[PDB]
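Shown next as C-alpha coordinates: one chain only, the form deposited in one PDB entry.
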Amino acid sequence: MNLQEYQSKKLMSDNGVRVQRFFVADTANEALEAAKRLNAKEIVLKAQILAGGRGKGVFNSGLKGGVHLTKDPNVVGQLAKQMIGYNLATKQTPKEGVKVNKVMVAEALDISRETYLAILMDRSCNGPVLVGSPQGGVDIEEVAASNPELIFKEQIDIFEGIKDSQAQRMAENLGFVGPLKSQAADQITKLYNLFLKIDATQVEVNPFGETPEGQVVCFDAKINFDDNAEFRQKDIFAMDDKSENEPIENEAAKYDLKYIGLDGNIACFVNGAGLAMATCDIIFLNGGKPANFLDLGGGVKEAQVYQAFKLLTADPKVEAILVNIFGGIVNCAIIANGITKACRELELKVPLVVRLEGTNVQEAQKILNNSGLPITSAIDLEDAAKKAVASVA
(Lines give C-alpha, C1' and ligand atoms only; values in the text may rest on other atoms or scores of the structure.)
Protein backbone atom coordinates (compact mmCIF):
# COMPACT_ATOMS: atom_id res chain seq x y z
CA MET A 1 0.00 0.00 0.00
CA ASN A 2 1.17 3.53 -0.81
CA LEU A 3 0.16 6.99 0.38
CA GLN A 4 1.00 10.28 -1.28
CA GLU A 5 3.00 12.72 0.85
CA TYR A 6 -0.09 14.85 1.49
CA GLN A 7 -2.14 11.82 2.56
CA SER A 8 0.41 10.61 5.11
CA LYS A 9 1.10 14.11 6.46
CA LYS A 10 -2.65 14.65 6.89
CA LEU A 11 -2.93 11.33 8.73
CA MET A 12 -0.04 12.31 11.01
CA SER A 13 -1.42 15.82 11.58
CA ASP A 14 -4.92 14.55 12.36
CA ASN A 15 -3.31 12.39 15.09
CA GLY A 16 -1.36 15.15 16.84
CA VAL A 17 1.95 14.81 14.99
CA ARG A 18 3.40 18.22 14.14
CA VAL A 19 4.08 18.64 10.42
CA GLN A 20 4.52 21.65 8.16
CA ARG A 21 1.24 23.51 7.74
CA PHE A 22 0.05 22.80 4.21
CA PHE A 23 -2.74 22.75 1.64
CA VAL A 24 -3.07 20.52 -1.43
CA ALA A 25 -3.99 21.98 -4.81
CA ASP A 26 -5.32 20.54 -8.07
CA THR A 27 -4.71 23.71 -10.13
CA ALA A 28 -2.06 26.40 -10.41
CA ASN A 29 -4.57 28.99 -9.19
CA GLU A 30 -5.37 26.82 -6.17
CA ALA A 31 -1.63 26.62 -5.53
CA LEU A 32 -1.38 30.42 -5.65
CA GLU A 33 -4.29 30.94 -3.25
CA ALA A 34 -3.00 28.26 -0.88
CA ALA A 35 0.35 30.06 -0.89
CA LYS A 36 -1.36 33.33 0.05
CA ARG A 37 -3.69 31.65 2.55
CA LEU A 38 -0.65 30.17 4.31
CA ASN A 39 0.58 33.67 5.21
CA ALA A 40 4.07 32.21 5.52
CA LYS A 41 7.47 33.87 5.24
CA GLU A 42 8.77 31.17 2.89
CA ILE A 43 6.86 28.50 0.99
CA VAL A 44 7.69 25.07 -0.41
CA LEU A 45 5.90 23.66 -3.47
CA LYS A 46 6.06 19.87 -3.82
CA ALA A 47 4.81 17.65 -6.62
CA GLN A 48 2.76 14.74 -5.28
CA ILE A 49 4.21 11.50 -6.62
CA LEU A 50 5.22 8.38 -4.73
CA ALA A 51 8.66 7.81 -6.25
CA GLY A 52 11.77 9.36 -4.76
CA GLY A 53 14.17 11.86 -6.24
CA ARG A 54 11.47 14.48 -6.82
CA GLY A 55 14.08 17.16 -6.16
CA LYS A 56 16.25 16.24 -9.15
CA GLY A 57 13.33 15.27 -11.38
CA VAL A 58 12.29 16.98 -14.60
CA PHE A 59 8.84 17.64 -16.04
CA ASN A 60 7.94 17.23 -19.70
CA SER A 61 7.12 20.94 -19.45
CA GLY A 62 10.80 21.84 -19.09
CA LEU A 63 10.62 22.52 -15.35
CA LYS A 64 13.55 21.02 -13.45
CA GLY A 65 12.83 19.84 -9.92
CA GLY A 66 9.68 18.80 -8.11
CA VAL A 67 10.42 20.73 -4.91
CA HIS A 68 10.79 24.51 -5.00
CA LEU A 69 11.21 27.13 -2.28
CA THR A 70 10.10 30.74 -2.61
CA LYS A 71 8.84 33.66 -0.55
CA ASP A 72 6.45 34.78 -3.31
CA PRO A 73 2.99 33.19 -3.70
CA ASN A 74 3.10 34.38 -7.31
CA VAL A 75 6.10 32.15 -8.01
CA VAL A 76 4.29 29.21 -6.39
CA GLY A 77 1.48 29.57 -8.92
CA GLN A 78 3.89 30.20 -11.79
CA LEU A 79 5.77 27.01 -10.91
CA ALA A 80 2.63 24.96 -10.24
CA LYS A 81 1.32 25.67 -13.75
CA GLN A 82 4.33 23.71 -15.06
CA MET A 83 3.61 20.78 -12.71
CA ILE A 84 -0.13 20.05 -12.65
CA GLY A 85 -1.17 17.77 -15.49
CA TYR A 86 2.42 17.11 -16.59
CA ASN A 87 4.67 14.08 -16.15
CA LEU A 88 7.43 14.20 -13.53
CA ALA A 89 10.26 11.73 -14.18
CA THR A 90 13.08 11.06 -11.72
CA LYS A 91 15.87 8.55 -11.07
CA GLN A 92 13.22 6.16 -9.69
CA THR A 93 10.35 6.46 -12.20
CA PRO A 94 10.03 5.15 -15.77
CA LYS A 95 11.48 7.40 -18.44
CA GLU A 96 7.93 8.63 -19.10
CA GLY A 97 7.62 9.83 -15.50
CA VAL A 98 4.47 10.11 -13.41
CA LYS A 99 1.59 12.48 -14.14
CA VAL A 100 1.39 15.08 -11.36
CA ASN A 101 -2.27 15.79 -10.58
CA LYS A 102 -1.72 17.38 -7.15
CA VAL A 103 0.90 19.56 -5.50
CA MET A 104 1.48 20.35 -1.84
CA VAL A 105 1.85 23.99 -0.76
CA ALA A 106 3.41 24.07 2.71
CA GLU A 107 5.10 26.47 5.08
CA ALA A 108 8.87 26.26 4.65
CA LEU A 109 10.69 25.95 7.97
CA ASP A 110 14.39 26.37 8.69
CA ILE A 111 15.94 23.24 10.21
CA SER A 112 18.51 23.90 12.92
CA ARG A 113 19.04 20.20 13.72
CA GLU A 114 18.11 16.92 12.03
CA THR A 115 17.53 13.60 13.77
CA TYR A 116 16.18 10.18 12.79
CA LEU A 117 13.18 8.72 14.60
CA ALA A 118 11.24 5.60 13.70
CA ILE A 119 8.87 3.10 15.26
CA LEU A 120 8.71 -0.42 13.90
CA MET A 121 7.55 -3.93 14.63
CA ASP A 122 10.89 -5.61 15.37
CA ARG A 123 10.91 -9.37 14.81
CA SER A 124 13.97 -9.91 17.00
CA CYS A 125 12.44 -7.92 19.87
CA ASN A 126 8.98 -9.54 19.61
CA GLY A 127 7.22 -6.19 19.41
CA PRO A 128 7.40 -2.47 18.78
CA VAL A 129 10.75 -0.72 19.12
CA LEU A 130 11.59 2.97 19.00
CA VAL A 131 14.67 3.57 16.84
CA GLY A 132 16.43 6.92 16.94
CA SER A 133 19.69 8.58 16.03
CA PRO A 134 20.96 12.15 16.49
CA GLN A 135 22.52 11.76 13.02
CA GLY A 136 19.53 12.83 10.96
CA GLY A 137 19.11 13.33 7.25
CA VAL A 138 20.93 10.18 6.10
CA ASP A 139 19.90 6.59 5.45
CA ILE A 140 19.78 4.81 8.79
CA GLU A 141 21.57 1.84 7.22
CA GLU A 142 24.66 4.04 6.75
CA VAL A 143 24.56 5.34 10.33
CA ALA A 144 24.29 1.71 11.44
CA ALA A 145 27.43 0.77 9.49
CA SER A 146 29.46 3.91 10.23
CA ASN A 147 28.36 4.78 13.80
CA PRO A 148 26.30 2.00 15.39
CA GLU A 149 26.90 3.62 18.78
CA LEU A 150 24.61 6.44 17.57
CA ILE A 151 21.63 4.12 17.01
CA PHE A 152 19.45 4.17 20.13
CA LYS A 153 16.47 1.89 20.70
CA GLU A 154 13.65 1.38 23.20
CA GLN A 155 11.54 -1.78 23.40
CA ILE A 156 7.89 -0.87 24.05
CA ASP A 157 5.52 -3.23 25.87
CA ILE A 158 2.45 -3.69 23.68
CA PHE A 159 0.03 -3.66 26.63
CA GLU A 160 1.71 -1.04 28.83
CA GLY A 161 2.25 1.36 25.93
CA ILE A 162 5.08 3.84 25.60
CA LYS A 163 6.07 5.32 28.96
CA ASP A 164 7.08 8.95 29.42
CA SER A 165 10.44 7.72 30.73
CA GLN A 166 11.09 6.03 27.39
CA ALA A 167 9.98 9.00 25.28
CA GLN A 168 12.07 11.34 27.44
CA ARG A 169 15.17 9.13 27.24
CA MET A 170 14.96 8.83 23.46
CA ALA A 171 14.41 12.59 23.22
CA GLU A 172 17.62 13.13 25.17
CA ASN A 173 19.60 10.58 23.14
CA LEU A 174 18.56 12.53 20.03
CA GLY A 175 20.10 15.70 21.47
CA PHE A 176 16.88 17.51 22.38
CA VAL A 177 17.52 19.84 25.32
CA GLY A 178 15.30 21.65 27.80
CA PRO A 179 11.82 22.54 26.57
CA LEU A 180 12.64 20.97 23.20
CA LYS A 181 13.06 17.64 25.01
CA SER A 182 9.50 17.74 26.35
CA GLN A 183 8.32 18.73 22.87
CA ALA A 184 10.22 15.85 21.26
CA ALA A 185 9.02 13.31 23.82
CA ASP A 186 5.38 14.29 23.31
CA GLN A 187 5.80 13.94 19.54
CA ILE A 188 7.48 10.55 20.01
CA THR A 189 4.49 9.47 22.10
CA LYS A 190 2.02 10.68 19.47
CA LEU A 191 4.00 8.94 16.73
CA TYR A 192 3.91 5.65 18.66
CA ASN A 193 0.16 5.83 19.30
CA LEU A 194 -0.38 6.66 15.62
CA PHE A 195 1.78 3.66 14.67
CA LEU A 196 -0.51 1.39 16.70
CA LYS A 197 -3.78 3.00 15.60
CA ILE A 198 -3.11 2.51 11.87
CA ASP A 199 -1.57 -0.99 12.08
CA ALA A 200 1.72 0.28 10.71
CA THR A 201 4.71 -2.01 10.47
CA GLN A 202 6.95 1.08 10.46
CA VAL A 203 6.59 4.83 10.89
CA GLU A 204 9.87 6.54 9.94
CA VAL A 205 10.55 10.26 10.38
CA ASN A 206 13.71 11.69 8.83
CA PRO A 207 14.46 14.46 9.58
CA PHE A 208 12.80 14.60 12.99
CA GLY A 209 13.98 18.15 13.39
CA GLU A 210 14.20 21.38 15.36
CA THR A 211 13.52 24.81 13.92
CA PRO A 212 15.34 28.01 14.94
CA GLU A 213 12.05 29.12 16.52
CA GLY A 214 12.17 26.14 18.88
CA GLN A 215 9.62 23.77 17.34
CA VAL A 216 9.97 20.02 16.92
CA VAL A 217 8.57 19.09 13.50
CA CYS A 218 8.28 15.90 11.45
CA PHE A 219 9.59 17.26 8.15
CA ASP A 220 9.45 14.07 6.06
CA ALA A 221 8.12 10.61 6.85
CA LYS A 222 7.38 7.20 5.37
CA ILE A 223 4.69 4.83 6.68
CA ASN A 224 4.64 1.10 5.92
CA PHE A 225 1.28 -0.57 6.56
CA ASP A 226 0.46 -4.14 7.58
CA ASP A 227 -1.54 -5.54 4.66
CA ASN A 228 -2.97 -8.16 7.04
CA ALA A 229 -4.87 -5.36 8.81
CA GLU A 230 -6.73 -4.09 5.74
CA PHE A 231 -9.99 -5.58 7.05
CA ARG A 232 -9.82 -3.09 9.95
CA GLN A 233 -8.19 -0.19 8.06
CA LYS A 234 -10.69 0.33 5.25
CA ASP A 235 -10.46 4.13 5.30
CA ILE A 236 -6.67 4.15 4.97
CA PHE A 237 -6.51 1.41 2.32
CA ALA A 238 -9.18 3.28 0.36
CA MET A 239 -6.52 5.98 -0.11
CA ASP A 240 -4.12 3.49 -1.72
CA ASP A 241 -2.43 5.00 -4.79
CA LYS A 242 -1.66 2.28 -7.34
CA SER A 243 -0.79 4.70 -10.15
CA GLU A 244 2.95 3.89 -10.00
CA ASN A 245 2.69 0.12 -9.55
CA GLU A 246 3.56 -2.47 -12.17
CA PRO A 247 0.32 -2.95 -14.14
CA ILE A 248 0.18 -6.76 -14.03
CA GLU A 249 0.79 -6.62 -10.28
CA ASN A 250 -2.20 -4.27 -9.96
CA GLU A 251 -4.42 -6.69 -11.88
CA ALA A 252 -3.35 -9.61 -9.69
CA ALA A 253 -4.25 -7.62 -6.57
CA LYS A 254 -7.84 -7.27 -7.77
CA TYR A 255 -8.20 -11.03 -7.15
CA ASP A 256 -6.12 -11.19 -3.93
CA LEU A 257 -3.13 -12.57 -5.86
CA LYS A 258 0.55 -11.98 -5.03
CA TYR A 259 2.33 -11.33 -8.34
CA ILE A 260 5.80 -9.81 -8.75
CA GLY A 261 7.06 -9.24 -12.28
CA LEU A 262 10.64 -10.14 -13.18
CA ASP A 263 12.85 -9.75 -16.26
CA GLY A 264 12.75 -13.30 -17.65
CA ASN A 265 10.69 -15.25 -20.16
CA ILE A 266 9.54 -18.31 -18.15
CA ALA A 267 6.26 -17.64 -16.35
CA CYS A 268 5.82 -19.30 -12.96
CA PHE A 269 2.53 -20.60 -11.55
CA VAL A 270 3.21 -21.83 -8.02
CA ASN A 271 1.53 -22.20 -4.63
CA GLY A 272 3.38 -20.94 -1.57
CA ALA A 273 5.81 -18.07 -1.20
CA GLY A 274 8.69 -20.43 -0.45
CA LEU A 275 8.10 -22.76 -3.38
CA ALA A 276 7.60 -19.68 -5.56
CA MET A 277 10.96 -18.23 -4.52
CA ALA A 278 12.54 -21.68 -4.87
CA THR A 279 11.09 -22.06 -8.38
CA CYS A 280 12.70 -18.80 -9.48
CA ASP A 281 15.95 -19.99 -7.89
CA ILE A 282 15.96 -23.39 -9.59
CA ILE A 283 15.10 -21.90 -12.99
CA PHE A 284 18.13 -19.60 -12.65
CA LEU A 285 20.25 -22.56 -11.54
CA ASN A 286 19.33 -24.48 -14.71
CA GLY A 287 20.13 -21.64 -17.12
CA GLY A 288 16.74 -19.94 -17.39
CA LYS A 289 15.30 -16.59 -16.33
CA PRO A 290 11.93 -16.45 -14.54
CA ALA A 291 9.38 -13.95 -15.82
CA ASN A 292 7.56 -13.55 -12.49
CA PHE A 293 7.04 -14.61 -8.89
CA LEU A 294 3.51 -15.81 -8.13
CA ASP A 295 2.13 -17.16 -4.85
CA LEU A 296 -1.32 -18.70 -5.14
CA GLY A 297 -2.49 -18.66 -1.54
CA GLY A 298 -4.32 -21.18 0.63
CA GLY A 299 -7.95 -21.73 -0.29
CA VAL A 300 -8.11 -21.10 -4.03
CA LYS A 301 -11.33 -20.64 -5.96
CA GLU A 302 -11.37 -21.78 -9.58
CA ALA A 303 -12.11 -18.21 -10.67
CA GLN A 304 -8.91 -16.95 -9.02
CA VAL A 305 -6.85 -19.67 -10.72
CA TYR A 306 -8.41 -18.79 -14.08
CA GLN A 307 -7.59 -15.09 -13.72
CA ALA A 308 -4.12 -15.82 -12.33
CA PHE A 309 -3.23 -18.04 -15.29
CA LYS A 310 -4.43 -15.37 -17.72
CA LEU A 311 -2.09 -12.89 -16.02
CA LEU A 312 0.81 -15.04 -17.23
CA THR A 313 -0.47 -15.60 -20.77
CA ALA A 314 -0.83 -11.82 -21.34
CA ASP A 315 2.76 -10.79 -20.57
CA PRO A 316 4.57 -10.14 -23.88
CA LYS A 317 7.89 -11.52 -22.61
CA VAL A 318 6.50 -14.94 -21.63
CA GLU A 319 7.78 -17.72 -23.89
CA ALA A 320 6.92 -20.70 -21.64
CA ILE A 321 4.80 -21.40 -18.56
CA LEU A 322 5.89 -23.53 -15.60
CA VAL A 323 3.09 -24.77 -13.34
CA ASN A 324 4.46 -26.23 -10.09
CA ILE A 325 1.86 -27.06 -7.44
CA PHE A 326 2.47 -29.07 -4.28
CA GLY A 327 -0.97 -28.88 -2.71
CA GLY A 328 -1.82 -29.16 0.94
CA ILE A 329 -4.61 -26.66 1.46
CA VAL A 330 -4.44 -25.90 -2.28
CA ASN A 331 -6.70 -28.40 -4.07
CA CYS A 332 -4.88 -29.63 -7.17
CA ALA A 333 -8.18 -30.25 -8.98
CA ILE A 334 -9.18 -26.60 -8.60
CA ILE A 335 -5.85 -25.64 -10.17
CA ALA A 336 -6.46 -28.05 -13.06
CA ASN A 337 -9.99 -26.75 -13.65
CA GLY A 338 -8.87 -23.11 -13.63
CA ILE A 339 -5.95 -23.67 -16.00
CA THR A 340 -7.98 -25.67 -18.53
CA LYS A 341 -10.74 -23.05 -18.51
CA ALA A 342 -8.17 -20.33 -19.24
CA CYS A 343 -6.52 -22.36 -21.99
CA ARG A 344 -9.88 -22.92 -23.76
CA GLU A 345 -10.02 -19.20 -24.60
CA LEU A 346 -6.33 -18.32 -24.99
CA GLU A 347 -4.71 -20.19 -27.93
CA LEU A 348 -1.59 -21.29 -26.02
CA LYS A 349 1.29 -20.61 -28.42
CA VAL A 350 3.90 -21.39 -25.74
CA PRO A 351 5.14 -24.56 -24.01
CA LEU A 352 3.31 -25.49 -20.81
CA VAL A 353 5.24 -27.56 -18.25
CA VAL A 354 3.09 -28.91 -15.41
CA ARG A 355 4.17 -30.49 -12.12
CA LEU A 356 1.31 -31.38 -9.77
CA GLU A 357 1.51 -33.15 -6.42
CA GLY A 358 -0.38 -33.36 -3.16
CA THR A 359 -4.02 -32.80 -2.31
CA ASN A 360 -6.37 -34.43 -4.82
CA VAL A 361 -3.54 -34.85 -7.32
CA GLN A 362 -5.16 -37.89 -8.95
CA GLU A 363 -8.36 -36.10 -9.96
CA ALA A 364 -6.26 -33.14 -11.08
CA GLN A 365 -4.11 -35.27 -13.38
CA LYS A 366 -7.29 -36.81 -14.83
CA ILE A 367 -8.66 -33.35 -15.64
CA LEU A 368 -5.41 -32.40 -17.36
CA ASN A 369 -5.24 -35.77 -19.13
CA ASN A 370 -8.78 -35.32 -20.50
CA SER A 371 -8.17 -31.71 -21.54
CA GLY A 372 -6.61 -32.28 -24.94
CA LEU A 373 -4.04 -29.57 -24.15
CA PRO A 374 -0.36 -29.76 -25.18
CA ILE A 375 1.11 -30.26 -21.72
CA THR A 376 4.70 -31.28 -21.00
CA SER A 377 4.53 -33.32 -17.80
CA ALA A 378 7.27 -33.04 -15.18
CA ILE A 379 7.89 -35.55 -12.40
CA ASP A 380 9.65 -33.27 -9.90
CA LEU A 381 10.91 -29.72 -9.45
CA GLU A 382 14.28 -30.20 -11.15
CA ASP A 383 12.67 -32.01 -14.10
CA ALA A 384 10.13 -29.19 -14.43
CA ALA A 385 12.83 -26.50 -14.42
CA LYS A 386 14.98 -28.34 -16.96
CA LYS A 387 12.01 -28.94 -19.25
CA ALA A 388 10.91 -25.30 -18.95
CA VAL A 389 14.35 -23.89 -19.74
CA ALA A 390 14.82 -26.31 -22.64
CA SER A 391 11.46 -25.39 -24.17
CA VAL A 392 12.65 -21.82 -24.87
CA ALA A 393 16.33 -22.42 -25.60
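All residue numbers are counted from 1 along the displayed sequence. For the two forms, the rigid core is made up of the largest set of C-alpha atoms that agree within 1.5 Å on superposition.
The same protein has a further form, the form deposited in another entry, not shown here; the description that follows concerns it.
Rigid-core fit between this form and the one not shown: of 28, 333, 34, 44, the one residue whose Cα shifts 2 angstroms or more is 333. Superposition of the core reveals a Cα shift of 2 Å or more for residue 302 between this form and the one not shown. Residue displacement note: residue 13 has its CA displaced by under 2 Å between this form and the one not shown (rigid core superposed). After superposition on the rigid core, the Cα of residue 70 moves by less than 2 Å between this form and the one not shown.
Relative to this form, in the other entry the C-alpha atoms of residue 301 and residue 324 approach one another by 3 angstroms or more.
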